[PDB]
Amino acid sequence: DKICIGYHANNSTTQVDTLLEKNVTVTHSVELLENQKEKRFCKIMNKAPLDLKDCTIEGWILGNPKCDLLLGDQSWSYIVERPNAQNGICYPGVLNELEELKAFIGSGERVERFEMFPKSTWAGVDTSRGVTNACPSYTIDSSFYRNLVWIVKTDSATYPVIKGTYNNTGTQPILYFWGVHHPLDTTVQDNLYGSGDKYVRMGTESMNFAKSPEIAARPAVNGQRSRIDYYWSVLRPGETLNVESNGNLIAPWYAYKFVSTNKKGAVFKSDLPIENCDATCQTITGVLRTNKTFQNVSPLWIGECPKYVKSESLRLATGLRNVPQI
């Protein structure tokens, strides 16, 4: 008659590591790290991402004539920008504070396009001719940004002082754009805007802006040796913008009602496909469907995701050392 004391064994070959020993086979264990992803973009909280497709961020909110697909109101859980996207700034020049602009846009979930300054606003000048073959539409060879108006003189006259004003009476901030043209030579300057010192000055309660044309011949880009200095700003609720220029003004035409997001914002630069699907965790390199605590897919994500680490595996022993007999 006998009684023996002992412990569980099974057919597990799953191993763990300890400070004292590597490759210890244990009867029970749990993997805390997730290495699997769905290589695609899905909806986040049943809200679809915004695919910019062949347009870049600049091309999209500036209203590049080939980005009419995106033109107008948008809502997004996050933004997907394609790496080889061709439609950005078409007429050569610098969009100033570009990185801050991208950070701002990323912090939003919705934009509403409206007309901020109708062409009627600019009294003694021509709004008809602001086109260039540097900025072709799909159907026509020479066009311009949908949100801007390139203003030149009436057929025969001298460029006068033009003025415009917008009072923001709504509850949302307004993202708007404008520009200053810099002709390659004094001839083009005199041709388009006439003669004399020219200025573009804009101001609000919290902002002042003043720029003069800087004339010089720079290397040709998209067939243009001239340049435009693009600018952006945000008109706060209750604030008023005053526009004053006697020439060289790329005027604000359409702007955006901007809805800032409560959550974390994201802009993913990726070639991955956007499919019809839901997700709670969206990584730049794919979707994670897991309850695991750790993840080694990517540190860049939106939604509720596991913690990113460099580890290949994080397996906790729960059972004991597996010593099956014989």
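For every residue, the number given is its place in the sequence shown, counted from 1.
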### Which of 259-267 and 276-284 has higher mean CA B factor, as the PDB entry lists it
259-267
### Given 170-178 and 98-106, the range whose Cα B-factors average higher in the PDB entry
170-178
### Query
Of the options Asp229, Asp155, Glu81, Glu239, which has the highest CA B factor as deposited?
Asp155
### Task
Using the entry's values, work out which of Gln74, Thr165, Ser77, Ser128 has the largest Cα B factor.
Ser128
### Summary
Chain thirds by Cα B factor, record data; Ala210 belongs to the middle
#### Entry: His28 CA temperature factor, ranked by third within the chain
lowest
### Message
What third of the chain does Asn46 rank in for C-alpha temperature factor, lowest, middle or highest?
### Response
highest
### Message
When the deposited Cα B-factors of this chain's modelled residues are ordered and cut into thirds, is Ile326 in the lowest, the middle or the highest one?
### Response
highest
## Note on the structure
Of the three thirds of the chain ranked by Cα temperature factor, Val111 occupies the middle
